[PDB]
Amino acid sequence: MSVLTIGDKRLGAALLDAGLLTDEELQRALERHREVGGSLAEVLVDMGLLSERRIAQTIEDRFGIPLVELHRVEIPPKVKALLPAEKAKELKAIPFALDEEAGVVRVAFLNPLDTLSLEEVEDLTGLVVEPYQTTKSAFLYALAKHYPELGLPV
């Protein structure tokens with residue numbers, strides 16, 4: 001037993017609000033969320049209940065958040081100067097652009113409603129960040145390209 005994030009509350013409500021599952025279903029998953037400590041959206045795909053795109057699609061329109069083809073992009077060593085892949089991994093985010101002339105950065109994360117991770121990413125550099133959407137396959141892509149030494153073990 002532990003508490004949940006701001007994004008977890010909002011996304012949980014969004015499932016019912018979007019007609020994806022019943023509140024009872026959410027109630028049963030809420031307990032499971034703390035058993036894995038990841039965001040409530042991670043347990044959804046990890047348990048096969050719903051994949052990122054299904055959670056993202058309601059939020060995409062409900063909040064007006066953009067989506068990009070990150071799985072079709074390469075992370076330059078230029079943006080790596082912001083934060084290393086290890087930090088990116090715990091924040092469940094991946095930066096793609098570094099624009100120091102304007103103090104702006106572009107990031108894509110798996111939890112669009114997780115405002116806490118946005119706040120953490122902005123304050124950690126003192127810059128503004130443009131939050132975009134992405135999927136698990138694209139997420140694992142950048143990680144494998146920055147730390148192939150472990151090659152994401154099973």
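Suppose a student asked you for the relative contact order of the chain, using Cα pairs under 8 Å spaced at least 6 residues apart; what percent would you report? All intermediate terms of the calculation are to be shown ahead of the outcome.
Numbers: 188 pairs, mean separation 36.5, N = 154.
Taking the mean separation of contacting Cα pairs over the length of the chain, I get 24 percent.
Can you tell me the relative contact order of the range 70-146? Whole percent, Cα pairs under 8 Å, sequence separation 6 or more.
Across the range 70-146, relative contact order equals 32 percent.
Could you list which residues have their amide H under 5 Å from that of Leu50, counting only those 5 or more apart in sequence or on another chain, with H placed in the peptide plane?
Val45
Percent antiparallel among DSSP beta bridges with both residues in the chain, to the nearest 5?
45 percent
Please get the size of the charge dipole for the chain, origin at its Cα centre, with Cβ charges of +1 on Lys and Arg and -1 on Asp and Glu, quoted in debye to the nearest 20.
380 debye
Can you tell me which of 135-142, 96-103 comes out highest on packing, and rank the rest after it, using the mean Cβ neighbours within 10 Å?
135-142, 96-103
Hey, got the Cα dimensions of the range 66-154 along the principal axes, in Å, largest first?
Principal extents (largest minus smallest coordinate, Cα): 38, 27, 22 Å.
By a straight-distance test (C-alpha under 12 Å), which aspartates and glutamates pair with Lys92 as possible cross-link partners, with residues fewer than eight away in the same chain excluded?
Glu42, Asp114, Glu120
Under Stokes-Einstein, with the Kirkwood radius over Cα pairs standing in for Rh, what whole-number D in µm²/s applies to the range 1-147 at 25 °C and 0.890 mPa s? Before the final figure, lay out the partial values.
Details: Rh = 15.9 Å.
Reported coefficient: 155 µm²/s.
Simple spin-label model, 7 Å along Cα-to-Cβ: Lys87 to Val128 in nm?
It works out to 2.1 nm between the two label points.
Laboratory data are not the source of any read-out in this text; all were calculated from the coordinates shown. FYI the Cβ positions are ideal-geometry reconstructions off the backbone, even for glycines, and counts take in every protein chain you see.
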